[PDB]
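Have a look below at one chain only, the form deposited in one PDB entry, in structure tokens format.
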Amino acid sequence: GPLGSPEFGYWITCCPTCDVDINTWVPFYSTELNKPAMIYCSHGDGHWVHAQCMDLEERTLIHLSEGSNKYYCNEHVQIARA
């Protein structure tokens, strides 16, 4: 019984150039069924954002999902010039 997308969910804007949208999205991860494995950042304002949206690997997401791991989004992994 997969939950459709009637109400809100992870269909948001992980970034300013996000493309994740059920209108044309699908379960890419092998551990997922029909939803983007969003990730939480730990830099000042922790937020939620898709993983593939930042050119990430499915394995790294699994490893980072082990529990204890300083996970960092893409816009806060190497802040310096922009």
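Position 1 is the first residue in the sequence shown; the rest follow in order.
Below: the form solved in complex with a partner chain, not depicted.
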Exercise for the section: Flag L61 as yes or no: does it have a non-hydrogen atom within 4.5 angstroms of any non-hydrogen atom of its partner chain in the entry with it bound? Expected result: yes
Problem - Any non-hydrogen atom of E32 within 4.5 angstroms of its partner chain in the entry with it bound - result: yes
Exercise for the section: Evaluate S68 for contact with its partner chain in the entry with it bound, applying a 4.5 angstroms cut-off between non-hydrogen atoms, and reply yes or no. Expected result: yes
Exercise for the section: Give a yes or no for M38: in the entry with it bound, does one of its heavy atoms lie within 4.5 Å of a heavy atom belonging to its partner chain? Expected result: yes
